[PDB]
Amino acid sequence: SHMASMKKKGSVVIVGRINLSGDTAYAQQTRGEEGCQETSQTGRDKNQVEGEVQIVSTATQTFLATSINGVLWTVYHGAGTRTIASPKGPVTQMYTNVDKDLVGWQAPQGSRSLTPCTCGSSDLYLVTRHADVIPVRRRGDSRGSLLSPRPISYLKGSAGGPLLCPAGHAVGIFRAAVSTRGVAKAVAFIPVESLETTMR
């Protein structure tokens, strides 16, 4: 092909967060669309990062990314092999596993990391991009059922978000919804143990 005109993929850009610091969970936007587009091109993001759950965007998709053990994790089906924007330019993935639908980068300065759960509890909570905290009963290694099913529309854009135990530890990263007639009855997630193995 004409090699001189081949384009490069933009970086993933942090565009907001899910604030879990207080008694009320809520989404905050930290960058609008024009800034996002420019930042994706340059890979240079000088915005302050805070919190555990980031809202992230590419040119075509928006989803979540969650810091656990000093790594910002998200789904491969959202990020592909993309770099993430940072104050000093694009940062290359430190983990990539298409078979797990998993990617990770070093956690941004200013972020806070969730602690991996060792409670062995099956009472979980899924945090969505709209800051809904959805009770989920763990049903296996990588699945849980919604206590209150809802349309898949409500979950779209939340891949990369956490499933948490009652004590607020990370149990997994949301990757897929299990649905019947458009209603999500269950969720599939990357268990935190699988993240911990990937880190080895």
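Residue positions are given as counts along the sequence shown, with the first one as 1.
Comparing 179-187 with 10-18, the higher mean C-alpha B-factor in the PDB entry belongs to 179-187. With 71-79 and 124-132 compared on mean CA B-factor from the PDB entry, the stretch scoring higher is 124-132. For the set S153, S142, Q48, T66, the PDB entry puts the maximum C-alpha B factor at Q48. When the modelled residues of the chain are ordered by their C-alpha B factor, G168 lands in the middle third. Among all modelled residues in this chain, the alpha-carbon of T30 has a temperature factor (C-alpha) in the middle third. Sort the modelled residues of the chain by CA B factor and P116 lands in the middle third. Ranked by Cα temperature factor within the chain, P108 sits in the middle third according to the deposited record. When all modelled residues of the chain are sorted by CA temperature factor, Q54 is found within the lowest third.
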